[PDB]
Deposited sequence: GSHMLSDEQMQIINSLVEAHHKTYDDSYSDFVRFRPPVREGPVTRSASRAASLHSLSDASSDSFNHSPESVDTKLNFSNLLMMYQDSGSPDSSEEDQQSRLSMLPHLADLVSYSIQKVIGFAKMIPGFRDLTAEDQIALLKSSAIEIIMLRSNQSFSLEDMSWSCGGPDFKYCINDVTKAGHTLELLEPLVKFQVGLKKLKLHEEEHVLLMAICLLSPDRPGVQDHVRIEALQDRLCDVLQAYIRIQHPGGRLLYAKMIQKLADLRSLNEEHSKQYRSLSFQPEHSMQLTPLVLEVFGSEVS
């Protein structure tokens, strides 16, 4: 079989969208409050996550169709899914050799211990690292990686979504593209699409645990005052 023209254009648009919103040089990281190694890494990681949310918003705005959704649906999707896209996109800096996220220099190498010093526990970081390891072992093509981020973003089964039918149809098209790409372009990937859909399930679980632990942070003003306005807004509970 073969990929169609419109499927090809979708892949091209998503790859360009990711390249425009993920900077492999990580040179912007020097702008964040510096890392410190009670919650000494919270200022730096709050800034990193806030920066990453802006990038996910930029990526979302270039997913075909997402822009044509209502403003409310665009927000509903980003508020539920941003944390999952950040976990997905961070796989690009994750290193199997170091078991850490390496962002171009030792100051911006984050191990599990660094994240505990931002207020998180092993209840989140143990499944998150196992998630990153298994995702990294899938050896995803860049095409597959950006499709999976877009499919995750365009899930209609999230709280607050109104136009369920329209969003599901968009996600259905991307899933069709991903299945066809794997079948035609990924040698020996007969089990790959299923493994990727499992990763989407894993992300729901990581989402819930992160939300639990973020709630605890956001309820202590001495910690929440270290967050950014954008993090407060996107990870907050307003409707």
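Asks: How would you write out the unmodelled ranges of the deposited sequence, numbered from 1?
Replies: Missing from the model are residues 1-2, 40-99, 302.
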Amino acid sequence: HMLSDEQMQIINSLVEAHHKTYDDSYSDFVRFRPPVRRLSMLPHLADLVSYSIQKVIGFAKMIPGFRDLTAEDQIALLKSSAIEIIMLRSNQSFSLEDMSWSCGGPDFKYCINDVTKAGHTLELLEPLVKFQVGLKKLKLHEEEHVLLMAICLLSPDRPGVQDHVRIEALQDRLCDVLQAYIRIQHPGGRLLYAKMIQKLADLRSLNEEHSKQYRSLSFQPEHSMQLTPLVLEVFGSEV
From here on, numbers count along this sequence of modelled residues.
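Take the two forms, find the largest set of C-alpha atoms that superpose within 1.5 Å, and that set is the rigid core.
Asks: Comparing C-alpha positions in 9 other deposited structures of this protein against this form, with the rigid core used for the fit, which stretch differs more, 132-140 or 103-111?
Replies: Looking at 132-140 versus 103-111 in 9 other deposited structures of this protein, the farther one turns out to be 103-111.
Asks: Could you check whether 179-187 or 42-50 drifts more from the shown form in 9 other deposited structures of this protein, using RMS Cα distance once the core is superposed?
Replies: Farther on average in 9 other deposited structures of this protein: 179-187.
Asks: Which of the two stretches, 229-237 or 1-9, shows the higher mean Cα temperature factor in the record?
Replies: It is 1-9.
Asks: Name the higher of the two by mean Cα B-factor in the PDB entry, 52-60 versus 202-210.
Replies: Mean C-alpha B-factor is greater for 202-210.
Asks: Out of 82, 152, 88, 122, which residue has the highest Cα temperature factor in the PDB record?
Replies: Spelled out: the listed residue with the top C-alpha B-factor is 122.
Asks: Looking at the temperature factor on the CA atom of residue 195, which third of the chain's modelled residues does it land in?
Replies: For residue 195, the deposited C-alpha B-factor lands in the middle third.
Asks: Relative to the other modelled residues in the chain, which third contains the C-alpha temperature factor of residue 32: lowest, middle or highest?
Replies: As the PDB entry reports it, the C-alpha B-factor of residue 32 lands in the lowest third of its chain.
Asks: Could you place residue 133 in the lowest, middle or highest third of its chain by Cα temperature factor, using the values in the record?
Replies: According to the entry, residue 133 has a C-alpha B-factor in the chain's middle third.
Asks: Per the entry's values, where does residue 141 land by CA temperature factor relative to the rest of its chain, in the lowest, middle or highest third?
Replies: Middle third by C-alpha B-factor.
Asks: Within this chain's modelled residues, let me know which third the CA B factor of residue 69 belongs to: lowest, middle or highest.
Replies: Its C-alpha B-factor, which the entry lists for residue 69, ranks in the highest third among residues of this chain.
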